[PDB]
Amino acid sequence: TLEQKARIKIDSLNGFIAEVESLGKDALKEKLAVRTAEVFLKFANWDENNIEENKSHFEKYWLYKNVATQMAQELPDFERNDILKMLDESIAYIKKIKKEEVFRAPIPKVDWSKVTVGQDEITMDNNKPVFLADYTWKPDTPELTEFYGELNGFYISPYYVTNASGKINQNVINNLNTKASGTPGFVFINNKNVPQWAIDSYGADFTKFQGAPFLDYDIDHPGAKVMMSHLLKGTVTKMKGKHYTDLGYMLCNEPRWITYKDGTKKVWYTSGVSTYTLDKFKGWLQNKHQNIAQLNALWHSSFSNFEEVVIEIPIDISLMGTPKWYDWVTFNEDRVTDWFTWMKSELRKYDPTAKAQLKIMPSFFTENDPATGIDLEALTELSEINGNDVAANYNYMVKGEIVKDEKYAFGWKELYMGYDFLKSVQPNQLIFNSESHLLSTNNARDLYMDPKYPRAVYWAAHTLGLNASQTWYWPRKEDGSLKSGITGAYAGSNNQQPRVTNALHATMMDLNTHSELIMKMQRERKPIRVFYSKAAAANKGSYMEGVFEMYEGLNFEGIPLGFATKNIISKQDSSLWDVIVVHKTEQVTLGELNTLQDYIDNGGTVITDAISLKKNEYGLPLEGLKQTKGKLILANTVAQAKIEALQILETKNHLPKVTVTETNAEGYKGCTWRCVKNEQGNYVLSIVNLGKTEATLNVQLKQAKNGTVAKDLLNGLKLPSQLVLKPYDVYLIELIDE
């Protein structure tokens, strides 16, 4: 039987591990293989005995609905055979280790008990930087914490305020009194299960208006603060300085305040707003317009004063582009930011050192979701840790079928644009993906997913700033059964994927081995900033297609990309970059325009196309920019702006000191790369093939005295002049002058 073969493989592998370590080499990756094999052998025996439960889970996901029986029946032998391939791959490699056909540096073993969470790095002893990985709901057992992480945490919810005097649930106080510091983790603030006293006191209106589906109450109702203050006051002083606050206080799980309509189509999570919200909107309208006639001309309204302003919320999406749509969506962003400005300062009263963060989805930003109320920049400014749960799309499920990315190996835009924006707003802060959806999500899933994919995307995520991650997800219990509450997200995901799970932590050991090189790419200057306007975004649903168009054209030059905004220019040192590129940003506020002028007035360079920067948020004409002491370069096409932008770096001497030229059968580059200098002063490249076909790379130094010879840092060999990259392939190489 397959399991009997597998235990034979395990026996041979363990034997090889022992021999290699006796010769003084490191076999920690292969030890991860064996454990992953043991664990999933257990998973598969439970599957075999629970076809009916597994069939019901496969019925919950549309891709597998019609073959649920088939999938549940075949799952145990899928997992077992995946385990065999895993053991074979490891057995072969540990023989190359034994025979010295490869040289792999000892992998550091991350003891979570001996790691320190800094401002922009996590480090273990010896001050070696490290990167942390765990899973959502993984069991806390020795079997799993040895390789799959030891993330700590604490969970609070307004349901713990048991009366209106602010008494906290006693079993929670007992737990908080006896829970030790423990390993590093984060505080989860639930915003559901409003307690009965709040309902009784504040009435039906208190929960009629929601930040659905993860906040169940009216953030603008005065009771909202009374309730949240009670919870924070009664628990947080017990948490101050505990290691389970090291990765912050998560103020909200996937926040959003969706407030638009679409005729008779169902808009998920949308809500109206209370009288309290309209009262703040009126105040906001007073500050924005000054007098009612100005608002009335833009709204085509005829209010006599601001107290008489009326707006229908949810506001229909057909109004997008109108002044009234801009005012609502912008105010909605601001009022949500106000709630978290309040929530943070209340938190600080009880833990003055608290690091705020949110589990924000950056896809609202990269996909330009309408009327969400989420100002990604403004909530990231208020955070000490760059929280998020960004995703990537191995595929796209359309109407219950798999569709692949039309252009690349997988959908990476959300990760690269997302994290580059996070690291432009908070360049000196850690990234903590507290519910990583790089493996699977609502519309991305494949039981048979190629194990090269988790490697590429987690490697990519870490070059971009990722420092710690809780990966979605590990719903399996200790004995291999499943937690109750299994939804459609389960079928096909990582708890049915031995080699996908193996790849993840095996890629983490590569990342940790060479973590100093990764931190150099995370800290690298970002000389080119693509401009982003919330005003353009509010007005044009398709706005982020033109933005990605510019970003995409720049993202394969060995340069880490960044963004610029009004606040980034107003608040940060312009010497941190060389040029700002504007592309297809047709509407901006006057504050945005003048800040871009201030940047040129003080010696900066702006590349823009002719169509941008000439209408305001209401569609009224703006003067655009002028060249003064700095420079203004006009360039309509992505190709021209790319030529102009790279020249500015050339002048300022900020181009990579390495060139990479790529052949592929696609007509565009798909190998994205990074270049930094190591301690011996040799240049090191990280390369990921994002393209859907094989790429040949000619890599050369710029000042080579003898030549350019590349060495594989992962396995210690010299590589051929023409590097070949299959889709998803990952290279970490050092360039030598020979």
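Note that residue numbering begins at 1 and tracks the sequence as displayed.
Of the two segments examined, 185-193 and 357-365, it is 185-193 that shows the higher average Cα temperature factor in the deposited entry.
With 271-279 and 299-307 compared on mean CA B-factor from the PDB entry, the stretch scoring higher is 299-307. Within the group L32, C675, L701, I687, the record's highest C-alpha temperature factor is found at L701.
Out of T235, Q294, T585, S434, the entry records its largest CA B-factor for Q294. When the modelled residues of the chain are ordered by C-alpha B-factor, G707 sits in the highest third. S229: CA B factor in the middle third of modelled residues in this chain (values from the PDB entry). Compared with the other modelled residues of the chain, the Cα B-factor recorded for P560 ranks in the middle third.
The PDB entry assigns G670 a C-alpha temperature factor belonging to the lowest third of its chain's modelled residues. When the modelled residues of the chain are ordered by their C-alpha B factor, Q119 lands in the middle third.
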